[PDB]
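A single chain comes next, written as structure tokens; it is the form deposited in one PDB entry.
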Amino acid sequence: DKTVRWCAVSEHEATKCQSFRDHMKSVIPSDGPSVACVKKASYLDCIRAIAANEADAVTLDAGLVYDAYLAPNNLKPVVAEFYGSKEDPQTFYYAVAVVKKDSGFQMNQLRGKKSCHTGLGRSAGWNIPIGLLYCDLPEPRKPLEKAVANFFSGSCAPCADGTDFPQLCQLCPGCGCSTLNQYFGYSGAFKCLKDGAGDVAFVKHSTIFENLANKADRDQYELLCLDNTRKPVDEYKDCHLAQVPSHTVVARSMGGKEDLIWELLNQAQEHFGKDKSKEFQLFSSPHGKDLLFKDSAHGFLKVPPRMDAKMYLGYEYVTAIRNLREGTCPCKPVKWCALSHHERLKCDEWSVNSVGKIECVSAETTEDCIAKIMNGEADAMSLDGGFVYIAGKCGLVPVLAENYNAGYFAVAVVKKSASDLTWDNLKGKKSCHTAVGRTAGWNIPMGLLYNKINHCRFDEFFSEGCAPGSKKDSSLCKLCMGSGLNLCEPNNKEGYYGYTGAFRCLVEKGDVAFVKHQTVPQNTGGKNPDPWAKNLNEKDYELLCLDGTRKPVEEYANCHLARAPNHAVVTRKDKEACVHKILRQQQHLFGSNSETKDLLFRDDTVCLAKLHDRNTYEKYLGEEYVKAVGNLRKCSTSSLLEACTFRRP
């Protein structure tokens, strides 16, 4: 059977599910998914039932998405409720800290200020801000209300115990837990800031726009960013305390059945969703509110498969709730992320010489390591600019750049004997790329190509090629040399992968190789001893100019495709200042004074350079680079980038 066992937490919910089950039987053919209805006492009990393989799916608020993820449950987000509109689905809200313009303080100066909360126990108004501020609170932090009352000088915290902690109700005497209190709820907390009672209101990003219709009034307000800067109120996506998903269907991380859950729910919304007007309605029910799904929901979005719960909830949210759950409070060592056994070994002996200031964690791919930097399992790694773009879109920032000598040169290599080849038309030729998504092998050359053909189907433009990372059936995998499952892989087990791998591809099979200005000189004239390169001379290879002319290999200064952004080390914003300092000290000791090749850092690198204002992927890579990659992701297959685009489109 293809049965999805839905888990209900009430008798009203069990009745709706049973109607859900019966109406779907009349719309789904017998080969399709069917509903079973399991009834438990609580959301916690449904989470355990799903982990125990007694049910398959339940819909949770963000806090319970966190609980469902913790061992031994290990549930995973799989389907999202969206709200608003099909054109602009709203899946998340943003908990923000609004302040009045020019009040003169930052997020790390909240102690002693006057605070306005929507209500004790609520997400944006209490659990997230107090979760983030937890270790800032005075000891003993238990009971929490007493610690908060001795952190803010006065507050309006609706539903707090004002009898025992009267500071919490200075701005709303009694801490009235209903609309009879003018500072209660989401507008109440913002009104507590507007009327001048408090200095800061902890609310949702939309409260400001629903209580202040005209932008002129809104310009008198700002938001507190976690980097201790302020931003305007409509920049909440770059300046919030946490991004919170409203209502998430969860499932077992292994054993699913994600596939079945989505095709059940997606069919259900197409026949019984909003505006479908049948006798059964998925997002309503005659008896009781919000049964199985929120009554305000407008449909379902499939959660991208790369995403786990920590990535879905976000780093900020997870920190806040873990602080409240665990209550644990201490620059600490920088945990580098390695991609190989050989790369891990280099880090290991680096860690032991750094006397603890460096630690090592491992992952199988670059994307896995990036996800570990995002969620805190890892801290830093050095990335090609193409991965810096991905790391940036996923919330990470560049901190230092590898300097090889303004960065390296992306050039197009051809064989000198091929007199006909020109940059103006290489259509129908055989291409060799370092990998899809990398700076010199893909983003620079194919970005320029996109401008003169205006599409991303480069396997239909070149006859064939080796572009490691392309889909195994593609014209651009046919020239690759990996065997078995390694054919066309963007790793070492594919011999045409990388700067020199793409040059070898040109030497043996291809017509053009997109690499960097030093690749040909380092792999010719006997410098590379491998049989494929040993007997090559660099005078038999030329560079393709943008002109349409050609020049010798070491004339790259005036025959390049573009200047490339250097590889850079990326990190979280909260670890930027510290990663900057530890790495500056460690290269003073182990710098200019790899067992295999280019492990952790490229071997051309001389120093790790500071970046000044170019501390953002948009400012580090440049407007031209980012616009070109935006053009190319119309054909990108990056699962990590898909997960990060789902949270920040």
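Whichever C-alpha set is largest while still superposing within 1.5 Å between the two forms counts as the rigid core. Quick note: we count residues from 1 along the sequence shown, nothing fancier.
The same protein also has a form deposited in another entry, omitted here; what follows describes it.
Engineer: After aligning the rigid core, which of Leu223, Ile128, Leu264, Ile373 is the one whose Cα travels 2 Å or more between this form and the one not shown?
Structural biologist: C-alpha shift of at least 2 Å: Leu223.
Engineer: Taking the rigid core as reference, does the Cα of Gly104 move 2 Å or more between this form and the one not shown?
Structural biologist: Yes: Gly104 shifts by at least 2 Å between this form and the one not shown.
Engineer: Superposing on the rigid core, I want to see if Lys573 changes position between this form and the one not shown - specifically a Cα shift of 2 Å or more.
Structural biologist: No, because once the rigid core is superposed, the C-alpha of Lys573 moves less than 2 Å between this form and the one not shown.
Engineer: Would you tell me if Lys302 moves between this form and the one not shown by 2 Å or more at its C-alpha, with the rigid core held superposed?
Structural biologist: After core superposition, the displacement of the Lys302 C-alpha between this form and the one not shown stays below 2 Å, so no.
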